[PDB]
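>>> Provided hereafter are the protein sequence and its experimental coordinates.
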Amino acid sequence: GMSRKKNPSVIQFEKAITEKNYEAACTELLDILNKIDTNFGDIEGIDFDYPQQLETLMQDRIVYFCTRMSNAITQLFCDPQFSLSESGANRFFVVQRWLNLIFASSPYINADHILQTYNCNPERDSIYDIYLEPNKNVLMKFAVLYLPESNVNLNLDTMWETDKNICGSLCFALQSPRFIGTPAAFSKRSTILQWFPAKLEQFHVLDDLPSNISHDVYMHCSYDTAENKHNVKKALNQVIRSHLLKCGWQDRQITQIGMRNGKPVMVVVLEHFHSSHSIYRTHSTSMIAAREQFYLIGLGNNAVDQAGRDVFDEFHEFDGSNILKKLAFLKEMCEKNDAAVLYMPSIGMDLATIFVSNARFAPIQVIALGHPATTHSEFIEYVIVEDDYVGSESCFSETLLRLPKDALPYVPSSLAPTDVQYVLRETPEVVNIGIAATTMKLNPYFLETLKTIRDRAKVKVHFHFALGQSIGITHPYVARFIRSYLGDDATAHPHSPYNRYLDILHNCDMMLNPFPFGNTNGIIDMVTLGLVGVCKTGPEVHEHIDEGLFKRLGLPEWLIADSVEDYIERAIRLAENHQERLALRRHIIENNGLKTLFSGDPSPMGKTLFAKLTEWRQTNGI
Ligand SMILES: O=c1ccn([C@@H]2O[C@H](COP(=O)(O)OP(=O)(O)O[C@H]3O[C@H](CO)[C@H](O)[C@H](O)[C@H]3O)[C@@H](O)[C@H]2O)c(=O)[nH]1
C-alpha cells in the first residue's frame with residue numbers, strides 16, 4: 001500500500017546488526033522506538049514477518065515482537081565493537097521507557113543478561129554486582145540498559161561520582177514511564193525521588209539531560225507515596241530557571257495594569273483545551289464567568305476546537321514547538337496588554353508551560369489543578385481549587401484560593417451514555433470488582449491491598465482492571481504485574497474505546513479506587529453506571545478529591561477510608577454485604593447526584609482574582 005513515509009523495520013534492524021553497520025542499526029532501533037512512542041505503545045506500522053498462527057492473536061503477536069526485538073538489541077549491545085555515541089545515548093534515554101517494555105513484555109523481563117556481559121570482575125561477591133572497564137562507552141551502554149525492571153545493583157553515589165550527566169540522564173529515564181507500578185520499577189523511582197533532587201539542583205542547563213522527558217519527570221513524582229515526593233519539582237524548576245536565563249531571558253517589568261473594555265487583562269496559557277478534554281469540562285465554566293471581571297486572552301495550540309477557543313474574549317495559536325519563541329510571544333502579549341493575571345489551568349503536560357511557570361509575566365500568576373500537584377515555583381502565587389478537594393494546605397508551596405464546592409461547575413461529556421443498562425445481581429457467586437485507573441495510578445501498595453482484600457474476604461472476588469494507557473507493548477508487562485499479586489482472580493483489560501470500557505465496568509458489582517492518586521472521571525463513570533465503591537483519602541488534593549466527590553454525589557462516609565487498613569475493611573464490607581451494597585446502588589440510581597456537578601455559581605474565581613488584583617494595586621501603587 002501507499003503511505004506517507006517508510007515504516008521502521010525489524011528486518012532492516014536485524015540486517016544492519018548482521019552487517020555490523022552499527023550506525024544503521026542504532027538509527028533503525030531509534031526509529032522503531034520513536035514510532036512506538038508516537039503511538040503510545042502500539043506497534044502498527046512497524047514492519048516484521050511473523051508465523052501465520054499469530055495473525056489473529058494480538059497479545060501473542062506483541063510478545064513475539066518484543067521477543068524478537070529483545071534478541072536483536074541483545075546481539076547489538078553485547079557486541080564489544082559496538083560504540084555508542086553520547087548523542088546516541090541521549091536519544092536512547094529519552095525512549096528508555098519503551099526499551100523497558102521491549103524486554104519487560106517479552107519473557108526475558110529485563111536486559112540484565114546483556115549487562116552481565118559487561119562485568120569485568122570475576123572476583124565479585126554477588127552476581128548482582130556489575131563492574132565496568134573504565135571507559136565511557138560501556139558505561140553508557142550499561143546505563144541505557146539499566147531498565148526499570150532490572151535486578152542489578154546500582155549505587156547512585158558511585159554512578160554520580162563516575163559521570164554526573166549519565167547518572168542524571170538515567171534518573172530522568174527511570175522517572176519517565178507512564179507505568180511504574182512493579183516492585184522493581186517503583187522501588188527505583190522511590191529511591192530517585194529521595195536521592196536525586198539535591199543532585200539535580202546542581203545542573204545549570206538541560207543540555208546534557210534527556211530534555212524531552214522533563215515534563216514526565218515533573219508530573220510522575222505525584223504517583224509515588226512519599227510525603228515529600230514533589231521535591232524533585234523544586235529541583236527541576238531551579239534547573240529550568242537557570243537554563244532559561246542562560247538563553248538570555250529577562251523577566252517582564254510590571255509598570256502598568258492595562259485595561260480592555262474597562263477590565264484588567266487575564267492571559268490564559270493552555271496545555272490541552274480541546275472541548276473533548278477533561279480540563280475543558282472541569283475548568284471552562286469558571287473561565288467564561290471570569291470575563292465579567294477580566295478581559296480574557298487564551299493562548300493554545302492549533303488543536304483547540306472552536307468551543308475551546310470561544311471560552312475566551314480572544315484566542316491566539318502558539319506557532320510551533322520552540323519554547324523560547326513561545327515565551328517571547330507570551331512576553332509580548334503580556335507587554336502589549338500590560339496583563340494583570342497569568343492563568344494556567346494545568347501545568348505539567350507540556351515543558352513549555354513549566355518554563356512559563358519559572359518566569360515573570362504578570363503580577364499575579366495562578367495555576368489550577370488540571371494536573372493536581374504543587375509547582376514548587378517561586379513565580380506562581382496562587383492555586384485555584386475547590387474547598388472540598390483540599391486536604392492539607394502544607395502540600396502546596398503556593399497560596400490556595402479555596403473556592404466554594406460549587407464554583408467550578410462541570411460540563412457533561414457529549415459522549416455520555418443516554419440509555420445506561422444496569423446489572424444488579426442479588427447474590428453473586430463471585431463479586432466482580434472494577435478498577436478504573438490509568439497505569440500511572442498502579443503501585444505495589446495498591447496491589448498488595450487488593451491481594452489482602454481477596455485473601456480476607458468471605459466471598460469470592462474477581463478484579464477487572466480497565467487500564468488507561470495500557471496500550472500495545474505496555475500490556476503484557478502490566479498483565480504480568482497484576483497476575484503476580486492476584487493470579488487468576490484478576491483480568492487486565494487493555495485501554496479500550498469508551499463504550500467497551502463502560503461495558504467492562506457495568507458488569508462489575510462494585511468498584512475500588514486506586515491510591516495514593518485517586519480518580520475524578522472514574523467516579524463520574526462509576527455513578528453513571530449506578531455503581532458504588534470505596535476510596536482512600538489523604539492530604540494531597542489528588543488523595544482528597546475522591547472524598548470530596550463522593551460527598552458531592554451523596555455517597556456515605558463509611559466508603560471513604562483514611563488508612564490502608566480502613567480501606568481493606570470497607571472494601572471487604574462492600575463485597576460481603578450484598579444487600580447493603582445493592583441498597584446503596586439503588587440510592588445512587590434514584591438520586592442521580594451527577595446532575596448536581598453541572599450546577600453551581602461559577603463567578604468566584606473571577607471575583608477572587610479581581611480582589612487579589614485590587615489588593616496588589618493598592619499595595620504597589622500601580
Ligand atoms: O480503557 C479506557 C480507560 C479510560 N477511558 C476514558 O478515559 C477517562 C479517564 O481519563 P484518562 O484516561 O485521561 O484518566 P484520568 O481520569 O485519570 O485523567 C484525567 O485527570 C488527570 C488528572 O489526574 C488529567 O487532567 C488528565 O488529562 C485527565 O484525562 C474515563 O473516564 C473514560 O472516559 C476509556 O475510554 N477507556
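Looks like it arrived, so ask away. Residues are numbered from 1 along each chain as shown.

>>> Just to check, residue 377 is in contact with residue 355?
No. In this structure residue 377 lies outside contact range of residue 355 using C-beta atoms under 8 Å: 10.5 Å. Just so you know, the C-beta spots here come from the backbone N, C-alpha and C atoms, and that holds for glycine as well.

>>> What does residue 436 show for phi and psi?
Taking degrees, to the nearest 10, you get phi -100, psi 110 for the backbone angles of residue 436.

>>> Oh, that last question was meant for residue 567, not what I typed.
The phi/psi pair for residue 567 (degrees, to the nearest 10) is phi -60, psi -50.

>>> Let me know the distance separating it from the ligand.
19 Å (C-beta to the nearest ligand atom, to the nearest Å).

>>> and that residue, what does it touch?
449, 515, 534, 536, 561 (C-beta atoms under 8 Å, 6 or more residues apart in numbering).

>>> Quick check: buried residues in stretch 491-507?
491, 492, 493, 494, 495, 496, 501, 502, 504, 505, 506 (16 or more other C-beta atoms under 10 Å).

>>> next one: stretch 436-451
436-444, 446-447, 449-451.

>>> from those residues, which is closest to the ligand?
The closest of the buried residues of stretch 436-451 to the ligand turns out to be residue 438 (C-beta to the nearest ligand atom; 4.7 Å).

>>> What is the burial count for whatever residue of the stretch 151-300 of the chain ends up closest to the ligand?
Proximity of the stretch 151-300 of the chain to the ligand (C-beta to the nearest ligand atom) peaks at residue 278, 3.9 Å away. Neighbour count for residue 278, taken as other C-beta atoms under 10 Å: 15.

>>> dump the residue contacts of it.
370, 520, 521.

>>> are any of the contacts of residue 567 buried, and which?
Here, 16+ other C-beta under 10 Å leaves 449, 515, 534, 536, 561 buried among the contacts of residue 567.

>>> Give the other helices and strands that the helix or strand where residue 499 lies contacts.
Here residue 499 sits within helix 498-506, counting by DSSP states H and E. With contacts taken as 3 or more C-beta pairs under 8 Å, 6 or more residues apart in numbering; DSSP states H and E, helix 498-506 sits against strand 430-438, strand 460-468, helix 521-528.

>>> Need those in CSV (columns: distance to residue 87).
CSV is the format used below for the helices and strands packed on helix 498-506 (distance: least, C-beta to C-beta, whole Å):
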stretch, distance to residue 87
strand 430-438, 32
strand 460-468, 34
helix 521-528, 40
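
>>> With residue 547 as the reference, name the closest of these.
helix 521-528 (10.5 Å; C-beta to C-beta).

>>> How far away from the center of its chain is that closest one?
20 Å (C-alpha atoms, centre = their mean, to the nearest Å).

>>> Ok, stretch 69-79 next?
The answer for stretch 69-79 is 30 Å, by C-alpha atoms, centre = their mean.

>>> Then stretch 347-361?
Taking mean C-alpha positions (C-alpha atoms, centre = their mean), stretch 347-361 and its chain are 17 Å apart.

>>> Are that stretch and the ligand in contact anywhere?
No. Counting by C-beta under 6 Å from any ligand atom, the ligand is not contacted by stretch 347-361; separation bottoms out at 6.8 Å.

>>> ends of that stretch, how far apart?
This stretch, stretch 347-361, spans 16 Å end to end (C-alpha to C-alpha, to the nearest Å).

>>> Contact residues of the protein facing the ligand?
278-279, 370-372, 438, 466, 468, 495-496, 498, 501, 520-522, 525.

>>> Go again with 5 Å.
Within the chain, the positions near the ligand by C-beta under 5 Å from any ligand atom are 278, 370, 438, 468, 495, 496, 498, 501, 521, 525.

>>> now, the most widely separated pair of those?
370 and 496 (23.9 Å).

>>> what about residue 516, which helix or strand?
Judged by DSSP H and E, residue 516 forms part of no helix or strand.

>>> neighbours of the closest residue to residue 471 other than its chain neighbours, just the number please.
Excluding the flanking residues, the one nearest residue 471 by C-beta to C-beta, 6 or more residues apart in numbering is residue 41, at 4.1 Å. Using other C-beta under 10 Å, residue 41 is surrounded by 23 other residues.

>>> Residue 286 too?
23.

>>> Taking helix 521-528 as reference, get the angle to the helix or strand hosting it.
Using DSSP H and E, residue 286 sits within helix 278-290. Relative orientation of helix 278-290 versus helix 521-528 (axes from the mean of the first three to the mean of the last three C-alpha atoms, to 10 degrees): 90 degrees.

>>> got the buried residues for helix 278-290?
For helix 278-290, by 16+ other C-beta under 10 Å, it's 279, 280, 281, 282, 283, 284, 285, 286, 287, 289, 290.

>>> hey, C-alpha coordinates of that helix in CSV?
Provided in CSV are the C-alpha atoms of helix 278-290 (Å, rounded to 0.1, in the frame of the first residue of the first chain):
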residue,chain,number,x,y,z
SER,A,278,-11.3,16.8,31.0
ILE,A,279,-9.7,20.2,31.5
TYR,A,280,-12.4,21.9,29.4
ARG,A,281,-15.1,20.0,31.3
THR,A,282,-13.7,20.9,34.7
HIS,A,283,-12.4,24.5,34.1
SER,A,284,-14.2,26.2,31.2
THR,A,285,-17.3,27.5,33.1
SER,A,286,-15.2,29.4,35.7
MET,A,287,-13.1,30.9,32.9
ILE,A,288,-16.2,32.1,31.0
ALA,A,289,-17.6,33.6,34.2
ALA,A,290,-14.3,35.5,34.9
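
>>> and the protein, what are its domains?
1-216, 264-407+599-622, 408-598 (curated CATH domains).

>>> Just the terminal-to-terminal distance for the second one.
Using C-alpha to C-alpha, the end-to-end distance of domain 264-407+599-622 comes out at 12 Å.

>>> same question, the longest one
With C-alpha to C-alpha as the measure, the ends of domain 1-216 fall 36 Å from one another.

>>> Let's have the buried residues of helix 278-290 in TSV, adding distance to residue 244.
Formatted as TSV, the buried residues of helix 278-290 follow (distance: C-beta to C-beta, whole Å):
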residue	distance to residue 244
279	25
280	29
281	32
282	29
283	26
284	30
285	33
286	30
287	27
289	33
290	28
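
>>> What ranges does the stretch 101-250 of the chain have for its strands?
Shown for the stretch 101-250 of the chain, no strands are assigned by DSSP state E, counting those that start in this stretch.

>>> For it, which segments count as helices?
All helices of the stretch 101-250 of the chain, identified by DSSP state H, counting those that start in this stretch, fall at 112-116, 136-144, 156-162, 164-175, 183-195, 197-200, 214-220, 231-245.

>>> Three-state assignment for the residue nearest to residue 471, please.
coil (DSSP: H, G, I helix; E, B strand; the rest coil).

>>> related to what we said a few turns ago, out of the contacts of residue 278, who's nearest the ligand?
residue 521 (3.4 Å).

>>> Report the contact partners of that closest one.
residue 278.

>>> now it: how far from residue 217?
From residue 521 across to residue 217, the span is 24 Å (C-beta to C-beta, to the nearest Å).

>>> Next: residue 317.
Taking C-beta to C-beta, one finds residue 317 at 27 Å from residue 217.

>>> mind listing what the residue nearest to residue 355 when sequence neighbours are not counted touches?
Nearest non-adjacent residue to residue 355, counting by C-beta to C-beta, 6+ apart: residue 323, 5.4 Å away. For residue 323, the contacting residues are 351, 352, 355, by C-beta under 8 Å, 6+ apart.

>>> switch the cut-off to 10 Å
Listed by C-beta atoms under 10 Å, 6 or more residues apart in numbering, the contact set of residue 323 reads 211, 240, 243, 244, 247, 350, 351, 352, 353, 354, 355, 356.

>>> same check, this time on residue 318
269-270, 299-302, 304, 325-326, 329-330, 350, 352.

>>> Got a quick PyMOL command for the buried subset of the residues you listed?
Here is the PyMOL command that selects the buried residues among the contacts of residue 318 (16+ other C-beta under 10 Å):
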select buried, resi 269+270+299+300+301+304+326+329+330+350+352
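
>>> Of the contacts of residue 318, which is the nearest to residue 256?
Distances from residue 256 to those, taken by C-beta to C-beta, are shortest for residue 330, at 17.4 Å.

>>> Thank you kindly, that will do.
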